[PDB]
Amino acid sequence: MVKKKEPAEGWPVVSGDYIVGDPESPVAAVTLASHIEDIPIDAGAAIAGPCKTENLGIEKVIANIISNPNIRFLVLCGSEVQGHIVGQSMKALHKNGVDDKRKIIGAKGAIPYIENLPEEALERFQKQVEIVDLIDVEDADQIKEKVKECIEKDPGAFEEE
């Protein structure tokens, strides 16, 4: 009975390191430095993978989320990537956006620049999903429960006015 739309053709469009799950699940999971991509998928996520860079890696994540309107949650889990600091950089990008040199405002990551996505693609990212901070948590029971919680709170597919 929840509202679902069809994702872009050949989704996920952009090559990367991830596991695709249910394309209609509302939840995406970035595992960061950790190797736990399976745990969110077996709790019924749409897509889960590591992300180790605070620029190109982040751009690939966003491009592959916005192309599926069913996704309304982005879990950030697993150990933080030392120096790159991808987790905290992404939180900052969601909340603050980018400055006019395309630097992510507030990000502690060493080279937090989004060179390749346009502005409209970020605004969409900020409106489409909400962020769920489980950074430096690898506990399975925890990650599973948060993913099932999001599924229970599925607002359905996104659509701009």
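Numbers follow the displayed sequence, beginning with 1.
Chemist: On average, are the C-alpha B-factors higher in 24-32 or in 111-119?
Modeler: It is 111-119.
Chemist: Quick one: classify residue 13 as lowest, middle or highest third of the chain based on its Cα B-factor.
Modeler: For residue 13, the deposited C-alpha B-factor lands in the highest third.
Chemist: What third of its chain's C-alpha B-factors does residue 43 belong to: lowest, middle or highest?
Modeler: Its C-alpha B-factor, which the entry lists for residue 43, ranks in the middle third among residues of this chain.
Chemist: Relative to the other modelled residues of the same chain, rank the CA B-factor of residue 52 and answer lowest, middle or highest third.
Modeler: For residue 52, whose C-alpha B-factor we compare with every modelled residue in the chain, the answer is the lowest third.
Chemist: Could you tell me which third, lowest, middle or highest, the C-alpha B-factor of residue 136 occupies within its chain?
Modeler: CA B-factor rank for residue 136: middle third.
Chemist: Which third of the chain does residue 59 land in by C-alpha B-factor: lowest, middle or highest?
Modeler: According to the entry, residue 59 has a C-alpha B-factor in the chain's lowest third.
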